[PDB]
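Enquirer: no letters, just coordinates:
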């Protein structure tokens, strides 16, 4: 359905960004509203993911070039896919060459 | 007076019923509720971590560091029918705590 | 409601239990961040 | 960290040294102009 | 103090160099020199008595 | 009571039953009100009604 | 302590600082726990650990 | 003086006026210098000039 | 007192106080607040009201 | 103005509501009112207060 | 974004996001019944052509290039230098 | 209504409102690690 | 990351992040005037 | 405020408490019926000042 | 439970108290640090129980807490799996939800001695589940809400 | 006011006080002061048993008076990028409220 | 040297000495020793009277 996009925190060092997580600092609370309201809220939010959708299609990278890329990506429905194709890269303590491991 | 003995200057100040301010603007000036930096992509695009270090004078008693993360605590009130109040709050940043 | 009971020679109390739905969801977006949302209906926050 | 040491009959101090990267670049654009940029990570500017 | 004896409250007020007002408006508010009631037909048409 | 989920105030339509007052112990209404007055009026005068 | 706003327990992330435990002196945890056990197990046996 | 914000040394261009020496009482230049010498030369010989 | 139709912590009724406020500062239908200074002259109500 | 401002039919200026339920707790007092806004009317909370 | 636009954190003002009818009504009743505080007006600040992104001091400090301490007067000369792409307003200058 | 649907007071069950992946995971770990009590299942009449 | 790369905490060496001209110059003056200590070389593990 | 109540230890007060919650302070309710409830402390150390 | 402590007046106990608050009983926290605080009474008449129900507070009944620790058992789950599990549980679509077993608002109305009739006015704006009730003795019911009952 | 209220304990005689937290978005600014624990009633709970004070509560009425007890404040994002940085202040690595020497 | 210098007091006859601190990143390593308070001048200040 309509979820909430992830946020990418720029890592001052390396420039390889970090793990993305569902934003919550701007969560538009509203469960205390009405029916038509709860209906319109998911509509405007859908338009959001819609914009961030087009805005997405278009060593380490700097900050200035970081805002243009690594934009908030919407991961539609949940884990949906098989245990093979998961977010992975969306995990903070996760590397490519190997599985997520830390000392 | 001629009897005056060698002394030493000492300066200080007081500022009560007031709050120290540090606007989140590029020039510290107020050019609107929604500051310029508060609308910069570097912050709206990716998330960051904050760390503040306050050095203060020692006091012989338990005290507290009252901080105030100025934000936007707004709420819209919608009244469709008779005897029906639907409100929608929204405080950003810090929507519902931090975790 | 009107409860009729046997008389007792000492102060007592009528313990009522308005069965409702005391549910709460727990949301954990990021590391070390717990956001919960309670909701008891009816009797959200007392009666007035 | 928890350091267990032998008792001494006098005030002492535990001198720790968090080895880090205290580097700084020096940029000289024009005549008589020195622009330097320090950077000690971790422990950029104290801990709080 | 513990030596205090039972008393009784007493309220009042003062308002000097002032004049009690009772505007001749339907809502008591001032919406113009010539009030609304002061322009109502019920008064301009027929005469009345005041007490 | 303000900013206390333990005694949060209620204000909803009998038909709606959905409380329109959502408070958080993170907010500070008391102080907020204070500063508000000092910005719209002269916080030096007195007004018994509101003490 | 349970169902007492005076001594409400805390359980929140250091970064969040927002307490996730919202109790009301209207609810009754104690009794609730009792009945719960009598529904999932045989409330006739004994278990020192939990007294 | 070293690692003392009270008597921090200055070294900037007259036109720049922006001091290029940023010290912190957290760092330790003195000791740092010592160890440095014991790694580049034989810290057993003597050299009057630098005492 | 009876019902306590008095306000401002005095012996003045609520009805009268309201009227005076409206006839002087048009204040009453949307909250009671200390009117602006320019409207509080020596011949005003609130200015001389002292409970 | 002499029309489309004030109503001609009877209608109170300030109503008074009584607690439909009140609980006097050892350290708190709670009361609930059924604030009813008659038809063809508009209430500005700012004008409301607890006596 | 639609999140702010809805909450009016940013965007058009009440005199625009409100129905034309209601707007003028308030303007007319700006005497007896007021409803202007009921609607919030967003105030956004500029995000370009105002402040610079590159490093730059806010207030510089200049040292005397020459100073003469006379028996009854003290004279000092400074080389007040205004970097390029900058503008100095004397009013903000003083002698410490 | 959206109020109950969110709190799961009524509506689909855990085996439906949850991500397909997490579902089967619990079913597989129904031996050592259990997480079936962590998700509530609504029962409407 | 760009934070280290700039401070040379990690990345290319002086013989790479420096202008070709300046590089060889130092190599040639490796007798009278030395400028090799003026440029730091990162050593990552 | 002190003298506003009197000089006697015992005193029968009578005050008017306004609404401070922003979400409903300057709100403009429309026709209909609503349940308006609210609690009040009694802790002398919070309602009173010395 | 009595003999579970011993037959002596004095006794150095040591017990394990579980968490009963539904909102966090069966909760499944994820990586990170959290502040977990809680209070504990000391009123002998509430922590202790007697067969006769005599006022322990007056019969020289005293308790003393020396130390309190918090234990927590973690499943030795593979970091690879544990990491995946976390990724999923951090999605709003998979938020955990609990509900007190009793699920009911507790009310208490006084019943004067020898009283027979007892009316109770209240109003619900919605629809609940049902009613449940009994009768208790005031003396045997400690006034909750306050950190201490003197009566 | 529009601001999230936070309270961090300051042990007696303490001088340094670090505070970790992270914002996913952009706010308006900071505002702060200092209050005495004894004069600050623990809110949130319907009753404070350890509140033995009846004087003015700076946390509510806003009668602050300890702003002259601060030395300096250091802000940094991602624990590296100091703010505002860009060599804005005479002391670009922090906000010195007052100097002794 | 490249390292942040820290100093924690060790009361006379003390044996255990805990030290709380937290790093947001990753450094290089630890290095430590022990010094006598009397032989360690309080730096930072332009003068030590003790």
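Expert: Yep, that arrived. Residues are numbered from 1 along each chain as shown, chains lettered A, B, ... in the order given.

Enquirer: which single residue of chain A ends up nearest chain F?
Expert: Distances between chain A and chain F by C-beta to the nearest C-beta are smallest at residue A:32, namely 5.3 Å. No exception for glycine: its C-beta is placed from N, CA and C like everyone else's.

Enquirer: and what about that residue, helix, strand or coil?
Expert: Judged by DSSP: H, G, I helix; E, B strand; the rest coil, the three-state class of residue A:32 is coil.

Enquirer: so what's the residue count around it?
Expert: Per other C-beta atoms under 10 Å in any protein chain shown, the neighbour tally for residue A:32 reads 22.

Enquirer: quick one: residues contacting it.
Expert: Residue A:32 sits next to B:86-89, F:18-20, F:22 when contact means C-beta atoms under 8 Å, 6 or more residues apart in numbering or on different chains.

Enquirer: at 6 Å instead, please
Expert: When contacts are counted by C-beta atoms under 6 Å, 6 or more residues apart in numbering or on different chains, residue A:32 is found next to residue F:22.

Enquirer: gap between it and residue N:25?
Expert: Applying C-beta to C-beta, to the nearest Å, the value for residue A:32 to residue N:25 is 18 Å.

Enquirer: and what of residue P:50?
Expert: The value you get for residue P:50 to residue N:25, if C-beta to C-beta is used, is 32 Å.

Enquirer: next: residue N:5.
Expert: 26 Å.

Enquirer: and what of residue P:14?
Expert: 39 Å.

Enquirer: what does residue F:43 give?
Expert: 18 Å.

Enquirer: ditto for residue A:45
Expert: Per C-beta to C-beta, residue A:45 is found 28 Å from residue N:25.

Enquirer: same question for residue P:17.
Expert: Residue P:17 sits 35 Å away from residue N:25, taking C-beta to C-beta as the criterion.

Enquirer: which element, helix or strand, includes residue F:11?
Expert: strand F:10-13 (DSSP states H and E).

Enquirer: packing partners of that strand?
Expert: Where contact means 3 or more C-beta pairs under 6 Å, 6 or more residues apart in numbering or on different chains; DSSP states H and E, strand F:10-13 is packed against strand N:32-41.

Enquirer: tell me where chain F has helices.
Expert: For chain F, applying DSSP state H gives helices covering F:29-40.

Enquirer: center of it, which residue is that?
Expert: residue F:29 (5.1 Å; C-alpha atoms, centre = their mean).

Enquirer: residue 5: how many residues sit nearby?
Expert: By default, I'm working from chain A. Neighbour count for residue A:5, taken as other C-beta under 10 Å: 19.

Enquirer: correction: the question concerned chain N.
Expert: 15.

Enquirer: you'd agree it is up against residue N:11?
Expert: Yes. With contact defined as C-beta atoms under 6 Å, residue N:5 counts as touching residue N:11 (5.1 Å).

Enquirer: rewinding a little: quick one: contacts for the residue nearest to the centre of chain F?
Expert: Going by C-beta under 6 Å, 6+ apart, residue F:29 touches F:2-3, N:20-21.

Enquirer: repeat for residue F:18
Expert: Residue F:18 neighbours (C-beta under 6 Å, 6+ apart): residue F:12.

Enquirer: what do you get if the cut-off is 7 Å, keeping everything else the same?
Expert: By C-beta atoms under 7 Å, 6 or more residues apart in numbering or on different chains, the contact set of residue F:18 is A:32, F:12.

Enquirer: swap in residue P:46?
Expert: Going by C-beta under 7 Å, 6+ apart, residue P:46 touches F:4, F:6-7, G:5-6, J:27-28.

Enquirer: so which of those comes closest to residue P:8?
Expert: Taking C-beta to C-beta as the measure, residue P:8 sits nearest to residue F:4 out of the contacts of residue P:46, at 20.3 Å.

Enquirer: next up, phi/psi of that closest one, please.
Expert: Dihedral pair for residue F:4: phi -140, psi 100, per degrees, to the nearest 10.

Enquirer: strands of chain I, start to end?
Expert: I:6-7, I:12-13 (DSSP state E).

Enquirer: in stretch B:6-21, which residues are buried?
Expert: B:19-20 (16 or more other C-beta atoms under 10 Å in any protein chain shown).

Enquirer: that one vs chain P: in contact?
Expert: Yes. Using C-beta under 7 Å from any C-beta of the partner chain, we find that stretch B:6-21 touches chain P at B:13-21.

Enquirer: next: stretch B:60-73.
Expert: Yes. Using C-beta under 7 Å from any C-beta, we find that stretch B:60-73 touches chain P at B:60-73.

Enquirer: hmm, who's touching that stretch?
Expert: B:19, B:54, B:91-94, F:27, K:9, P:2-13, P:17, P:27-37, P:40, P:59.

Enquirer: the residue nearest to the centre of chain F and residue N:24, how far apart?
Expert: For residue F:29, the distance to residue N:24 - C-beta to C-beta - is 11 Å.

Enquirer: could you do residue A:43 as well?
Expert: Residue A:43 is 27 Å from residue N:24, by C-beta to C-beta.

Enquirer: which of those two has more neighbours?
Expert: Neighbours per residue (other C-beta under 10 Å) separate residue A:43 from residue N:24, with residue N:24 holding more: 21 against 11.

Enquirer: please name the nearest non-neighbouring residue to the more buried one.
Expert: Of all residues not flanking residue N:24 in the chain, residue J:45 sits nearest, at 5.5 Å (C-beta to C-beta, 6 or more residues apart in numbering or on different chains).

Enquirer: which residues in the chain form helices?
Expert: Just so you know, I chose chain A. Under the criterion DSSP H, chain A contains helices at A:35-57, A:64-68.

Enquirer: if you could check chain N rather than the one you did, that'd help
Expert: For chain N, the helices defined by DSSP H occupy N:22-25, N:44-47.

Enquirer: which residues touch the residue of chain F at minimum distance from chain P?
Expert: Residue nearest to chain P within chain F (C-beta to the nearest C-beta): residue F:32, separated by 3.6 Å. By C-beta under 7 Å, 6+ apart, the contact set of residue F:32 is N:22, P:1.

Enquirer: so which bits of chain N are right by chain P?
Expert: Residues of chain N lying near chain P (C-beta under 7 Å from any C-beta): N:43, N:45-46, N:48-50.

Enquirer: contacts with chain D among the residues you listed, please.
Expert: By C-beta under 7 Å from any C-beta, no member of the residues of chain N next to chain P lies near chain D.

Enquirer: so, in contact with chain O or not, stretch J:13-29?
Expert: Yes. On the criterion C-beta under 7 Å from any C-beta, stretch J:13-29 is in touch with chain O at J:21, J:25-27.

Enquirer: good, wrapping up.
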